[PDB]
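We begin with a single chain expressed as structure tokens, specifically the form deposited in one PDB entry.
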């Protein structure tokens, strides 16, 4: 089964700022990382949301609606692992 060693860390983000959510997973085969925001897979087609590397998710110019829980999903045919962090976004 895939094992998540370092998971996303909770953070307070200001509106229009930039936040990064990283994730490190171990296993044979090499686990694939997927991101879920409030039970819905993070879009691969948003100009501001970039899935940099397998395990790193960057969100530039943060909206108020970006508030929620982000889940890091490590996938291989031998199982699946999850790690969650809540990201809150308030105005100035």
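Between two forms, the rigid core is the largest collection of C-alphas that superpose within 1.5 Å. Residue numbers count along the first chain shown, from 1.
The discussion below concerns the form solved in complex with a partner chain, not included here.
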| item | value |
| --- | --- |
| 4.5 Å heavy atom contact, residue 50 to its partner chain in the deposited complex | yes |
| Heavy atom of residue 68 within 4.5 Å of its partner chain in the deposited complex | no |
| Contact label in the deposited complex: residue 36 to its partner chain, heavy atom within 4.5 Å | no |
| Threshold 2 Å Cα movement between this form and the one not shown for residue 53, core superposed | yes |
